[PDB]
Structures are given as structure tokens and as C-alpha cells.
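Computation of the quantities below employed the complete heavy-atom set of this structure, encompassing side-chain atoms and omitting hydrogens, waters and symmetry-equivalent molecules. Letters A, B, ... are given to chains in the order of the sequence lines, protein chains preceding strands, and every chain is numbered from 1.
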Number of protein chains: 6
Amino acid sequence: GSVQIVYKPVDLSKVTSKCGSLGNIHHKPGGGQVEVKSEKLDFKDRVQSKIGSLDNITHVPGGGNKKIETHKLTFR
Amino acid sequence: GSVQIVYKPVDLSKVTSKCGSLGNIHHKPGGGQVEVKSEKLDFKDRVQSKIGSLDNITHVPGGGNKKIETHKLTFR
Amino acid sequence: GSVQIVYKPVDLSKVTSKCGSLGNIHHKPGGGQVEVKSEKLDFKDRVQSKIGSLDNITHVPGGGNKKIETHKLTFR
Amino acid sequence: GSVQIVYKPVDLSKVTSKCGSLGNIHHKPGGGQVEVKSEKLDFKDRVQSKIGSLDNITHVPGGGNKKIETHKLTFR
Amino acid sequence: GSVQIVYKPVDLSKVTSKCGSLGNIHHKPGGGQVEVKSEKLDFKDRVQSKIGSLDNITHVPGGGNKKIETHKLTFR
Amino acid sequence: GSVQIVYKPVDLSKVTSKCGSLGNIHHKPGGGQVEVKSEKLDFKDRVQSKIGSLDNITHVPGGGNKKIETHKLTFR
């Protein structure tokens, strides 16, 4: 007439998220050999300019982890 | 006619988030060899300029971890 | 007719969040070899300029961890 | 009958040596999925063993830079 | 009949040595998923063993820079 | 019949040595998921063992910089 219930679920899970700019960036602009160098820049009236610049923009609205777990034991 | 209930669920789980600018940045602009260098910059009236600059912008609205767990044992 | 209930759930879990600018930045602008260097900058009337500068902007509205756990044992 | 001698040699040279282990190494041994794993290692009498190990040996007797320069101006 | 000697050699040179273990090492041994793991190691009588170890050995007898420069002006 | 000697050699040179273990090391042994783990190690009579260890040995007899410079002006 005896009853034994053993309820021992084991959770060893690993959940991992890596999101955004993961790779390495190497930027080496210019660095040449020249005898005489003359640079004349004349910018007027709404000019946007990038010369050898590095712009790294990262947006991560995601990459979130959600874990929901329910355990129910009902006896009689 | 006896009853034994053992309720021993084990949670050993690992939940991880890494979000944003993870990679390494190496920016080495200019650095050449020149005998005579002359630079003339003349900027007027709404100019935006970047010369050898590094701009790193990171937004992380995400990357959050949510864990919901419920345990219920009911006897009669 | 005796009853034994043992309620020993174990939580050993690890929840981790790392959000924002995680990668290393190396910025080394200029450092060239030059005999005679001349630079003239003439900026007027709403100029924004960046020369060999480093801007790092990090916004983290996210990365927050939320843990909800409920334990209920009911007898008769 | 006057004499003018201008001795102005200019050296803007760049000499670089990069020697040894330059490349990146990524070693990720094992890390599989198995239900039951049994490993029995029995080593006796002069045994050398490497299991998932990384050995990086670098010898650089070279890579040295030698620069010899002589300037001689003789007048009468 | 007057004499003018101007002796102005200019050295702007760059001499660089980078020698040895320059590259990055990433070693990530093991880290699998297993239900039951049993390891028995029995080592006797002159055993050398490496398991998931990293050994990085660098010798640099070289990489030295040597610069010899001589300037001579002789008048009569 | 007058004489002018101007002796103004200029040295702006750069001599640089970086020798040894320059690269970054990342060693992350183990860190797996296991339900039951049993490890039995039995070592006797001259056993050398490395398990997940990091050994970095650097010898730099070299990398030394030597600069010899001589200036001689002789008049009559």
C-alpha cells in the first residue's frame, strides 16, 4: 500500500547571446612615401567630409534571453 | 499505506548576455614619410569634417535577461 | 499511514549581463617623418572639426536582469 | 671668385623588422556532445603525451637592423 | 674670393625591431556537454603529460638595432 | 678672402626595439556541462603533469640598441 514519489529534474542548460560588432577592425589609412605633398581643402555651404576617419556605430535592441520554467507536482 | 514525496528539482543553469561593441579596434591613420608637407584647410558656413578621427557609438536597449520560475507541490 | 513531504528545490543558477563598449580601442593618429611641415586651418561660421580625436559614446538602457521565483507547498 | 658649398643630405628612411610568430592561433579541442564518457589512461616507462595542449615555441636570433652612414666633405 | 661652407645633413630616419611571439593566442580546450563523465589517469615511471595546457616559449637573442654614423668636414 | 663654416648637422632619428612575448594570450580550459563527473588521478615515480595550466617563458638576450656617432671639424 506504500507510495514513493521522487521529483528531481536537473537543469544544467547554458543559454548565451553575443550581439553587435564582434569582429576586430584594423584601419591603416595613408602612411605613403612622397617628396613634396600639398593638400588644399576649401569647403563651403553644407559640406560633410571624412578623411581616413573610422566610424563604428552599434545598435542592439535584441540579444535578450528569456527563460520560463514551471514545475507542478499534484498528489490526489 | 505510508506516502513519501521528495521534491528536489535542481537548477544549475547559466544564462549569459554580451551585447554591444565587443571586437577590438585598431586605427593608425597617417604616419607617412614626406620631405615638404603643406596643408591648407579653409572651412566656411556649415562644415562637418573628420580627419583621422575615431568615433565609436554603442546603444544597447536590449541584452536583458528574464528568468521566471514557479514551483508548486499540492497534497490533497 | 504516515506521510513525509521533503521540499528542497536547489537554485545554483548564474545569470550574467555585460552590455556596452566591451572591445579594446587603440587609436594612434599621425607620428610620421617630415622635413618641413606647414598647416593652416581657417575655420569660420558653423564649423565642426575632428582631427585625430577619439569619441566613445555608450548608452545602455538595457542589460538589466529580472528574476521571479515562486514556491508553493499546500497540504489539505 | 667666391665659392659656396651647401651640404644638406636628408635621411627620411624607415627600416622595420617584424620576426617570429606573427599570425593569430585559435585552438578549440574537444567540446562535443556525449551521454556516457569513460576515459582510461595508463602510461608507464618513458611516455610523452599531449592531449588538446598548445605548444608555441619561437626563436629569433635574426631580425636585427644594421645602419652604417658616412658623411665626408673635404675642401682643398 | 670669400668661401662659405654650410654643413647641415639632417637625419629623420626611423629604425624599428619587433621580435618574438607577436600574434594573439586563443586556447579554449574542453567545454563539452556530457551526462556521465569518468576519467581514470594512472601514470608511472618517467611520464610527461600535457592535458589542455598552454606552453608559450620565446627566445630573442636577435632583434637588436645598430647605428653607426660618422661626419667629417676638413678644410685645408 | 673671408671664410664662414657653419657645422649644424641635425639628428631627429628614432631607434626602437620591442622584443619577447608581445601578443595577447587567452586560455579558457574546461567550463563544460556535466551531470556526474568523476576524476581519479594516480601518479607515481617521476611524473610531470600539466592540466589546464599556462606556462609563458620569455628569454631576451638581444633587443639592445647601439648608437655610435662621431663629429670631426678640422681647420688647417
Original post:
Between E/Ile25 and D/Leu54, does a side chain to side chain contact (heavy atoms under 4.5 Å, CB included) hold up when you go through it step by step?
Top reply: CA-CA 9 Å; E/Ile25 310 298; D/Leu54 175 53; 3.5 Å; yes
Original post:
Which of the residues D/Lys72, D/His59, D/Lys66 is involved in the greatest number of heavy-atom pairs with chain E at under 4.5 angstrom?
Top reply: D/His59
Original post:
Rounded to the nearest 0.5 Å, how far apart are NZ of D/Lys8 and NZ of E/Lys8?
Top reply: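 Here the rounded value is 5.0 Å.
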Original post:
Which residues pass the ring pair (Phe, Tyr, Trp, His ring centres under 6.0 Å) test with D/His71, sequence neighbours left out?
Top reply: D/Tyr7, E/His71
Original post:
Excluding sequence neighbours, so at least two apart, what forms ring pair (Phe, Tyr, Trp, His ring centres under 6.0 Å) with E/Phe75?
Top reply: D/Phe75, F/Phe75
**OP:** Select, from E/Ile51, E/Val47, E/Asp11, the one with the greatest count of heavy-atom pairs under 4.5 Å involving chain D.
**Re:** E/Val47
Original post:
Between D/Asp55 and E/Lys50, does a side chain to side chain contact (heavy atoms under 4.5 Å, CB included) hold up when you go through it step by step?
Top reply: CA-CA 10 Å; D/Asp55 306 36; E/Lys50 303 190 195 186; 2.8 Å; yes
**OP:** Determine the minimum heavy-atom distance between D/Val60 and E/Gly20, stating which atoms define it.
**Re:** CG2-N, 3.9 Å
Subject >> Given D/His27, D/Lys28, D/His26, the one that forms side chain to side chain donor-acceptor pair (under 3.5 Å) with E/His27 >> reply: D/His27
Original post:
So, the side chain of D/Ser49 versus the backbone of E/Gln48: is there a donor-acceptor pair under 3.5 Å, distance only?
Top reply: yes
Original post:
Can you tell which of D/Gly63, D/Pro61, D/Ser53 has the highest number of heavy-atom pairs within less than 4.5 Å of chain E?
Top reply: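 Ranked by contacts with chain E, first place is D/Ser53.
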Original post:
Is the shortest side-chain N to carboxylate O distance from E/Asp45 to D/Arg46 below 4.0 Å?
Top reply: no
**OP:** Can you see which heavy atom on D/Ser2 is nearest to which on E/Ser2, and at what distance?
**Re:** OG-O, 2.8 Å
Subject >> Top contributor to chain E contacts, counting heavy-atom pairs under 4.5 Å, from D/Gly30, D/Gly64, D/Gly62, D/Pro9 >> reply: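 Highest number of pairs under 4.5 Å: D/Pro9.
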Original post:
Any idea which heavy atoms bring D/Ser17 and E/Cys19 closest together, and the distance?
Top reply: OG-SG, 4.3 Å
Original post:
Taking D/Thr74, D/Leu22, D/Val6 one by one, which has the highest count of heavy-atom pairs under 4.5 Å against chain E?
Top reply: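 When all of D/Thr74, D/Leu22, D/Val6 are compared, D/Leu22 has the most.
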Original post:
Between E/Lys67, E/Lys44, E/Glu39, which shows the greatest number of heavy-atom pairs under 4.5 Å with chain D?
Top reply: E/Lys44
Original post:
Which heavy atom in E/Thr16 sits nearest to a heavy atom in D/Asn65, and how many Å separate them?
Top reply: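 Shortest heavy-atom contact: O-ND2, 2.9 Å.
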**OP:** Taking all non-hydrogen atoms of both residues into account, name the closest pair between E/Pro29 and D/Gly52 and its distance.
**Re:**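 Smallest heavy-atom distance, with atoms named: CB-O, 3.9 Å.
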**OP:** Please report the closest heavy-atom contact between D/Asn56 and E/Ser21, naming both atoms and the distance.
**Re:** OD1-OG, 3.9 Å
Subject >> Side chain proximity check, D/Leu73 to E/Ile5, heavy atoms < 4.5 angstrom >> reply: yes
**OP:** Ignoring hydrogens and angles, tell me if any N or O in the side chain of E/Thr58 forms a donor-acceptor pair with the backbone of D/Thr58 under 3.5 Å.
**Re:** no
